[PDB]
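Data first, discussion second: the structure below is written as structure tokens.
Written out as structure tokens, the structure is:
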């Protein structure tokens with residue numbers, strides 16, 4: 001965007017080579033809002049619960065919650081961060097398959113009422129320390145196998161515990177849409193099975209792994225259509241755990257250069273750069289505008305190796321790099337974008 | 340490690356599931372001293388400089404500096420930490436190929452007199468902001484380029500400290516490749532006195548240190564030449580021991596025989612219970628943090644979370660939250 005480029009340049013001008021930091025973040029408030037209203041439009045029946053683990057930055061977590069998003073917390077620290085921002089503990093879901101005893105007890109005292117289980121031991125762990133917490137069964141390491149579902153449901157019933165419903169999380173190898181279709185059908189069967197156990201499961205957590213099925217508008221339409229076709233009980237509500245989807249367009253990294261090496265190899269020179277970070281995606285050189293024939297060279301950018309991209313020859317201390325749409329798991333001053 | 344086992348089992352018996360921590364560290368002071376004296380006994384002509392980047396934990400960094408070790412710092416934070424512990428800036432070497440301008444200017448004021456280079460640009464940077472700082476050339480295209488950099492060092496009027504490289508017979512080639520560079524630089528009108536062989540140590544060690552010490556003599560470096568190294572994993576490994584607690588268990592029958600998964604806070608031991616020969620063993624998988632991560636797939640007996648713990652021997656190598664100093 002042009003507004004992001006101009007705001008970055010206005011901030012870069014405040015620095016000389018001697019005083020320039022490793023980099024700075026740009027908080028795209030409109031980028032967060034556009035992602036939320038896009039979700040609410042395409043998936044009306046599924047309320048998004050942001051995975052705080054993806055990006056626990058106070059401003060983003062605050063903004064998302066104010067926009068009506070729920071909260072997906074993996075640890076007690078993530079639980080406490082949400083509660084400190086003034087959000088109600090009912091909107092929080094303690095999504096941790098194996099919880100530390102001290103944290104599980106503290107969560108109960110803090111007012112947390114929703115958690116996830118994928119083992120017979122965790123059912124007993126909850127029954128012993130916080131037996132009032134609602135339990136969600138995780139289906140498909142990480143998850144519960146087909147035959148084990150009955151053994152766990154029996155244990156939840158035998159311990160007299162509350163079942164909120166079913167949960168599933170797909171891997172990083174999402175891409176194929178039909179895995180969500182199968183997992184929802186598998187979840188629908190788990191509901192009717194649990195209903196026979198005398199339980200009333202009202203919550204289906206479809207998990208995360210979004211923005212990995214590209215035509216989102218269409219991918220959201222398929223989930224929405226499948227939800228209707230499976231005919232879930234009238235009382236059932238649907239939540240998701242989108243992390244990468246919400247956090248991506250939230251932040252923009254603007255890094256500085258503090259190293260250069262020109263190396264002619266196999267006939268043509270490649271230029272190595274060292275960007276503001278320790279040596280251990282797509283970016284552009286914002287400081288100089290490309291005049292078409294600006295002599296583009298294959299550039300290797302180091303943190304170990306953050307980007308291999310076609311870039312014009314840059315001068316360390318003068319030239320800067322903008323990495324568009326970061327914050328997604330990538331988590332040093334943060335400047336809010338003007339709007 | 341009978342003494343370490345008893346010190347842990349004592350601290351374990353103090354916790355119940357309700358208040359058990361994720362894990363605690365045991366700082367083996369004796370383990371550091373034995374590793375340091377092993378270096379000096381087997382490699383006397385090479386002075387060890389600890390890579391603070393490997394483990395910047397104050398207890399390790401302070402003890403090593405008292406034992407005679409130098410300091411290898413990759414950033415200004417590592418430089419300042421060493422100086423805050425009360426160490427002479429001469430013992431510190433700013434080992435960073437590409438330094439930020441602000442950090443380099445500050446390092447010059449802090450008293451840092453030694454740094455490394457591998458590119459022609461970094462030479463001009465040091466000449467522009469910290470010209471008094473001594474320079475080391477990096478070796479192993481980066482071979483014919485050595486002549487290009489040395490010319491830039493000379494033309495800017497900078498002090499050449501010597502040659503530095505980072506990787507059994509690979510060291511023999513690298514030390515010889517360094518010796519040929521020294522004579523090359525001497526013909527330019529420069530006097531390289533420092534040779535940094537790098538790290539990656541711990542290999543039989545005793546035999547490895549013998550080949551290095553022998554190769555040093557055969558190459559016949561000038562009388563003034565001093566030898567230094569950057570061992571990280573070597574010094575840090577035996578310094579700390581991790582004692583994890585268990586807060587997750589899952590039983591799963593696999594094709595006939597059961598495998599049990601565990602979630603805790605390489606080699607590990609169930610110190611909470613004694614394993615008398617046959618006490619029933621199971622293919623156990625131990626996990627850590629991150630909910631989508633895998634530390635061990637080891638042969639272990641059945642364990643109960645909250646009751647049973649884990650001891651990971653020699654874990655101080657690259658980790659960096661509670662430290663218990665091992666007696667005595």
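Chains as they are written, first to last, in the working numbering: chain A, 1 to 339; chain R, 340 to 667.
Ideal placement from N, C-alpha and C gives every residue a C-beta, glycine not left out.
- Assigned with DSSP and collapsed to three states, residue 290 of chain A falls in coil, not helix or strand.
- Against chain R, the CB of residue 142 of chain A has a partner CB under 7 Å away; the residue lies at that interface.
- Taking CB atoms only, residue 194 of chain A has no neighbour in chain R less than 7 Å away.
- At a cut-off of 7 Å between beta carbons, residue 393 of chain R makes no contact with chain A.
- Pairing residue 244 of chain A with residue 211 of chain A gives a Cβ-Cβ distance under 7 Å.
- If you look at residue 370 of chain R, you'll find it in the alpha helix (DSSP H) that goes 368 to 381.
- Residue environment for residue 156 of chain A: buried (at least 16 other C-beta atoms within 10 angstroms of its C-beta).
- In the three-state DSSP reduction, residue 260 of chain A falls in the strand class (E or B).
- Counting only residues of its own chain and dropping the five nearest sequence neighbours on each side, residue 452 of chain R has a CB closer than 8 Å to the CB of 428, 429, 471, 472, 473.
- Looking at the backbone, the Cα of residue 330 of chain A and that of residue 55 of chain A are separated by about 8 Å.
- Per the Cβ contact rule, the stretch 414 to 429 of chain R is not in contact with the stretch 376 to 387 of chain R (fewer than 3 Cβ pairs under 8 Å).
- Residue-level contact by beta carbon fails for residue 537 of chain R and chain A, as no gap is shorter than 7 Å.
- The continuous stretches of alpha helix (DSSP H) do not include residue 94 of chain A, which lies in the beta strand (DSSP E) extending over residues 92 to 94.
- Within the stretch 98 to 119 of chain A, 98, 99, 100, 101, 102, 105, 118, 119 place their CB atoms closer than 8 Å to a CB of chain R, listed in sequence order.
- Partner residues in a beta bridge of residue 233 of chain A, as assigned by DSSP, do not exist.
- Residue 311 of chain A counts as buried, since at least 16 other C-beta atoms from the protein chains shown sit within 10 angstroms of its C-beta.
- Cβ atoms of residue 436 of chain R and residue 456 of chain R come within 8 Å of each other, at about 7 Å.
- In the three-state scheme derived from DSSP, where H, G and I count as helix and E and B as strand, residue 128 of chain A is classed as helix.
- Residue 261 of chain A belongs to the set of residues whose beta carbon lies under 7 Å from a beta carbon in chain R.
- For the stretch 171 to 235 of chain A, the full-length beta strand (DSSP E) segments reaching 3 residues or more read 203 to 205 along the chain.
- Contact check for residue 286 of chain A against residue 8 of chain A passes: the beta carbons are separated by less than 7 Å.
- For residue 659 of chain R, no alpha helix (DSSP H) segment is defined, and its DSSP state is neither H nor E.
- A direct Cα-Cα distance of roughly 8 Å separates residue 305 of chain A from residue 279 of chain A.
- Here residue 401 of chain R carries a helix assignment [DSSP, helix/strand/coil].
- Residue-level contact by beta carbon holds for residue 357 of chain R and chain A, with a gap shorter than 7 Å.
- Secondary structure of residue 298 of chain A (DSSP, three-state): strand.
- Annotation: the continuous alpha helix (DSSP H) that includes residue 246 of chain A extends over 244 to 248.
- Within the same chain, no residue comes within 6 Å of residue 373 of chain R by CB-CB distance, once the 5 residues on both sides are set aside.
- Put simply, the CB of residue 500 of chain R is far from chain A, with every gap to its CB atoms at 7 Å or more.
- Distance from residue 478 of chain R to residue 524 of chain R at the Cβ level is roughly 11 Å; contact not present, criterion being Cβ atoms closer than 8 Å.
- Comparing alpha-carbon positions, the option among R:350, R:645, R:615, R:454 lying closest to residue 439 of chain R turns out to be R:454.
- Going by C-alpha positions, residue 623 of chain R is about 28 Å away from residue 207 of chain A.
- In the DSSP assignment, residue 307 of chain A falls within the unbroken beta strand (DSSP E) covering 307 to 312.
- When secondary structure is reduced to three states using DSSP, residue 74 of chain A falls in the coil class, being assigned neither helix nor strand.
- For the pair residue 520 of chain R and residue 502 of chain R, the CB atoms are nearer than the 7 Å cut-off.
- For residue 361 of chain R, the chain A residues whose C-beta falls within less than 8 Å of its own C-beta are 100, listed in chain order.
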